[PDB]
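Peer 1: Sequence and experimental coordinates follow.
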2 protein chains.
Amino acid sequence: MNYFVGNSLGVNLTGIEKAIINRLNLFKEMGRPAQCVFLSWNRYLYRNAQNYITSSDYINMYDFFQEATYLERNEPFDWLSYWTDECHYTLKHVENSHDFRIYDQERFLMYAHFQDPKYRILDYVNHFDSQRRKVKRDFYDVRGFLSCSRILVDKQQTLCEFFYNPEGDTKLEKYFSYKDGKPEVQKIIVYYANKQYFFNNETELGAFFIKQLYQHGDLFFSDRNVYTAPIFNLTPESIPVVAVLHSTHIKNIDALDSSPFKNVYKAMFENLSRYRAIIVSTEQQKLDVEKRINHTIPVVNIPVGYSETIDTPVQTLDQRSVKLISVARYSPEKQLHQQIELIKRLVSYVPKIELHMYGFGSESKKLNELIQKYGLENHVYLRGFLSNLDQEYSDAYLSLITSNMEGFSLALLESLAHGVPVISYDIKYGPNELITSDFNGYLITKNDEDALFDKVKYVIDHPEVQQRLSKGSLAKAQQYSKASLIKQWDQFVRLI
Amino acid sequence: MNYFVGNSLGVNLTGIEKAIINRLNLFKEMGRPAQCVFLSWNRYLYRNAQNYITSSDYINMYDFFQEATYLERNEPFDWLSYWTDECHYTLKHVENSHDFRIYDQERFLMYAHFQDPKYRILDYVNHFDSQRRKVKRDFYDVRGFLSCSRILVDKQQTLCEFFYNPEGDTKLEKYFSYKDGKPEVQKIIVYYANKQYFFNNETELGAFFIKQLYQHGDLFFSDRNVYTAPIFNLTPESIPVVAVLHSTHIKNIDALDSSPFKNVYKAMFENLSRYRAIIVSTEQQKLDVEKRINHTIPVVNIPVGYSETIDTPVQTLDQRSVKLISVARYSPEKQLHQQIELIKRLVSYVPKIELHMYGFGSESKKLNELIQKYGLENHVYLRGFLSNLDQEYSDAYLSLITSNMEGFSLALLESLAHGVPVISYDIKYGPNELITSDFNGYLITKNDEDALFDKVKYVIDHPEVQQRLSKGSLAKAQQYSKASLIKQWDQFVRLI
């Protein structure tokens, strides 16, 4: 059995999360058993994984110990008719919210919070004593069951939390002591195998959990090396684990030799004999990493992404309008302001020009402030993250990348696959390998926005070039075919 | 069903505890159903009640909610062979103790404490985090099961405790906030009837518990009015409760009218309409209480004690030795130093004179310091509390009372029943009613130790008087026959 250990799945899948799900889906078609492992306690992981993987394709560490691994949404429960009718409570609704303040004849007992406005998903219930101190907090799983009660000291500080199975029995206790005004774990108690287990740390918990999963002939893959690497260090070398680096390995990629390893990858680099091999997306990173590693351990380039069959419309270009697209999380590294600037000084040459920015991150408000400021309300659109952008690549003229560090770009390959050529700063890793300037898009010089504006403008000018590049895009997309990577993965696993 | 609500049973039965058990044993022979109710959380109440009542004669409030009402000692468990063999722990024994320090390969996890030296009764286990902070304490019932985990904050302060049933499910949560450097309850959560219940206070818990017990035609009796009276105040008047006063009702018994009610009985006196009637031991206290109450509610004198069949030896007096006896808890009110003094200045007239002081309280060390100081090692004996003093009344010449306030004296009647006359300061209540000077012992003037010494000396001088008084002792013992009180109790219950 092959295990792809990450942290968890977001509401919006991240680059690492999409890469993991891709490995799983290839291993599915290949015929080899595989499973995603998730370490992070997250009571919405059921909802988050529904449109991508089955509850049997994943084990969550906390679910495992909560005997809630492969549990489904149970039947919905009317919490409000329970409280009113059954409990003879009264429910003062909080205004502009899915919240409530529960009372028993003028005794304030609890503050209820729901996710949804239909009041079907109970999020948390907060408990109060005689003097309206918030003593205890009850968190609920999206599948219904009470997952975790947390106990508060002083200023709503976390003293300890208790994780329950869906039947209500305690399976896990965590004891917090406040270091640097933030709750640090100091004791963990795990009820498992009709026995009591003690760990000082969530890492020690991580290690225990792996040793349970592990049978002889099973293989691990560490994908959030921040958390996964420290967990594997406390695991016997007898247990094979393969490092997977999801990005650039060093702080400044221009200083190949005189640069520290990223805080995230420092642990695995320190214990390089622990890992059977290490996997990057790009040939360059295999070469660069192996030199820095000095060939202590084998390195392989298997790309996080692949091209699949296209059974939606490709390159149906309305000759009157020009759709440019960014498909990138709204984070600072992606430098999406430069694209709003580019569209600023480009409307006068191409009016009825549109830029559709697919993603949701932290820079949402900062980005929105510019599209407003420059009057680009009717030309630039902050389209929320969405999977199945196949209908959204159909009328796309170009893809833009203006990030500075990317590693393999999943959104870059996805563009080429839909025959949409991409104009990207010439950075490491990914764009270099995936783009041949004047083959399937252009490599621009880093942060050289005038070069950027010139080529984007040139490409909007001669559609004969867009069509030529759009062809070669599909061509390049094929070298990363689902077959190319099923084999490439199968060969890698067999050698190990 | 008749319920006799107290707090709990000690290792050593108190006057209130013995009085309650007596009521129960009379109601047994009478044929009316009865049960002791105990409010106090005490995990040794099983052991404490074994030689006096059956687990079906008593309901403990916490046992009730812990689904541990009428549970027996389960089979003994080798905690040390569990920890060594099963858990692969190592057990560093603490010297001069039934304690242990549990370790997992040099990780200090828990401090184990047993009651017994056979290491069969596990008392408590204390839990430690990475930095040897005492985070959590596990208390065990004497019947085996984990009763209560307690969670500690700051300086081993109680933040909250969780009460479990023997199967391990949580039945009760208590949340503490520190007022005046001592843990005060502020929230209680009770899992009962497949529902959640909230109380601010242990009194509110007390009231709830009663309303569950109570069926139509059931009768209550409040015997620790400190705790029981406040509990009954929050109970519907529909529920009959009868006050039972176990002592003198006022702070100074000499100030019948210009004296405050005792802190212990203040609550019932404030809510006198709540109680259907009020029961004292002595006729005098019925008269005194009814005048102070102004006859708002009926008062009855039913004595806490009775005389039973004597099938052990009575008055087998070794003519060469003189055994005097105190049968009184070693507390200050009993003034037992005066008896050590009396024996001091009495050895020279009666050498080979013995005083046997049956009791255990707080004054043990203070009392022992005098028997030592005055060289009375071979004449005065601090015999630990013991029930079945029937073999111990056999060679008794006299009983001494030198207390100042007593109410009915159980040990006084018990003396008379064994034909042992008693010499007692002339106090309220009890001695006045039970002793007729020159009938069955003598009433001495309060704290008049020279009068005391004179009569005790006179009675040791003429054994013809001891025999005459010893007869009339048995005579008086009969007026308080088990039959006299079965009837007296039956008449009282029927009128109500």
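Peer 2: Yep, it's here. Numbering: from 1, shown residues only, chains lettered A, B, ... in the order given.

Peer 1: which SS class is residue A:123?
Peer 2: At residue A:123, secondary structure determined by DSSP: H, G, I helix; E, B strand; the rest coil is strand.

Peer 1: Distance check, residue A:97 against chain B.
Peer 2: Using CB to the nearest CB, to the nearest Å, residue A:97 is found at 23 Å from chain B. Yep, even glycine has a C-beta here, placed from its N, CA and C like the rest.

Peer 1: Need phi/psi at residue A:164.
Peer 2: Torsion angles at residue A:164 (phi, psi; degrees, to the nearest 10) stand at phi -110, psi 160.

Peer 1: Quick check: beta-bridge partners of it?
Peer 2: residue A:170 (DSSP bridges).

Peer 1: show me the contacts for it.
Peer 2: Counting by CB atoms under 8 Å, 6 or more residues apart in numbering or on different chains, residue A:164 touches A:66, A:145-149, A:170-171.

Peer 1: from the residues you listed, which would you call buried?
Peer 2: A:66, A:145-149, A:170-171 (16 or more other CB atoms under 10 Å in any protein chain shown).

Peer 1: Check the gap between the residue sitting furthest away from the middle of chain A and residue B:198 for me.
Peer 2: Distance from the C-alpha centroid of chain A peaks at residue A:105, with 46.3 Å (CA atoms, centre = their mean). From residue A:105 across to residue B:198, the span is 11 Å (CB to CB, to the nearest Å).

Peer 1: Residue A:155 is in contact with residue A:183, correct?
Peer 2: No - if you go by CB atoms under 8 Å, residue A:183 and residue A:155 don't touch, sitting 11.8 Å apart.

Peer 1: Compare those two (neighbour count), which wins?
Peer 2: Ranked by neighbour count (other CB atoms under 10 Å in any protein chain shown), residue A:183 and residue A:155 place residue A:183 first, with 17 against 8.

Peer 1: Let me see the backbone angles for the more buried one.
Peer 2: phi -70, psi 120.

Peer 1: Now do the contacts for it.
Peer 2: Counting by CB under 8 Å, 6+ apart, residue A:183 has contacts A:157-158, A:176-177.

Peer 1: Could you list which of those also contact chain B?
Peer 2: Filtering the contacts of residue A:183 for neighbours of chain B using CB under 8 Å from any CB of the partner chain leaves residue A:177.

Peer 1: Which one of the contacts of residue A:183 sits in the busiest neighbourhood?
Peer 2: When the contacts of residue A:183 are compared by neighbour count (other CB under 10 Å), residue A:176 ends up highest, at 21 neighbours.

Peer 1: Pretty sure that one sits against residue A:152.
Peer 2: No - between residue A:176 and residue A:152 there is no contact under CB under 8 Å: 10.2 Å.

Peer 1: rewinding a little: which one of the contacts of residue A:183 is nearest to chain B?
Peer 2: Lowest distance from chain B to the contacts of residue A:183 (CB to the nearest CB) belongs to residue A:177, with 6.6 Å.

Peer 1: Residue A:241 and residue A:137: what is the separation?
Peer 2: 36 Å.

Peer 1: right, I mislabeled it, should have said residue A:346
Peer 2: For residue A:346 relative to residue A:137 (CB to CB), the value is 51 Å.

Peer 1: where along the stretch 151-300 of chain A do the strands fall?
Peer 2: A:157-164, A:170-179, A:182-192, A:195-199, A:219-222, A:241-244, A:278-280, A:299-301 (DSSP state E, counting those that start in this stretch).

Peer 1: who wins for proximity to residue A:254 among those strands?
Peer 2: If you check each of the strands of the stretch 151-300 of chain A against residue A:254 by CB to CB, strand A:278-280 wins as the nearest, at 17.9 Å.

Peer 1: how about the residues of chain A that lie near chain B?
Peer 2: Applying CB under 8 Å from any CB, we find that chain A lies next to chain B at A:86-87, A:104, A:107, A:109, A:127-131, A:133, A:135-136, A:151, A:153, A:159-160, A:168-170, A:173, A:175, A:177, A:186-187, A:189, A:195-196, A:198, A:200-201.

Peer 1: Turn the buried ones among the residues you listed into a named PyMOL selection, would you?
Peer 2: Only the buried entries of the residues of chain A next to chain B go into this PyMOL selection, using 16+ other CB under 10 Å:
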select buried, chain A and resi 87+109+127+128+129+130+135+136+151+153+159+160+170+173+175+177+186+187+189+198+201
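
Peer 1: Checking residue A:367 next. Helix, strand or coil?
Peer 2: Going by three-state DSSP: residue A:367 is helix.

Peer 1: Next, count neighbours for it.
Peer 2: Residues near residue A:367, counting by other CB under 10 Å, number 22.

Peer 1: My guess is it contacts residue A:336. True?
Peer 2: Yes - in this structure, residue A:367 is within contact of residue A:336 by CB under 8 Å, at 5.7 Å.

Peer 1: For those two, list the residues in contact with both.
Peer 2: A:330, A:357.

Peer 1: And residue A:115, how close does it get to residue B:11?
Peer 2: From residue A:115 to residue B:11 the distance is 54 Å (CB to CB).

Peer 1: For the residue in the stretch 351-496 of chain A that chain B sits nearest to, which non-adjacent residue is closest in space?
Peer 2: Proximity of the stretch 351-496 of chain A to chain B (CB to the nearest CB) peaks at residue A:496, 32.5 Å away. Ranked by CB to CB, 6 or more residues apart in numbering or on different chains and with sequence neighbours excluded, the top spatial neighbour of residue A:496 is residue A:276, at 5.6 Å.

Peer 1: which ones are touching that neighbour?
Peer 2: Residue A:276 neighbours (CB under 8 Å, 6+ apart): A:240-242, A:297-298, A:496.

Peer 1: 7 Å instead, please
Peer 2: A:240-242, A:496 (CB atoms under 7 Å, 6 or more residues apart in numbering or on different chains).

Peer 1: neighbouring contacts of stretch A:379-388?
Peer 2: Here stretch A:379-388 has contacts from A:12, A:51, A:340, A:343, A:347, A:353-360, A:364, A:367-368, A:371, using CB under 7 Å, 6+ apart.
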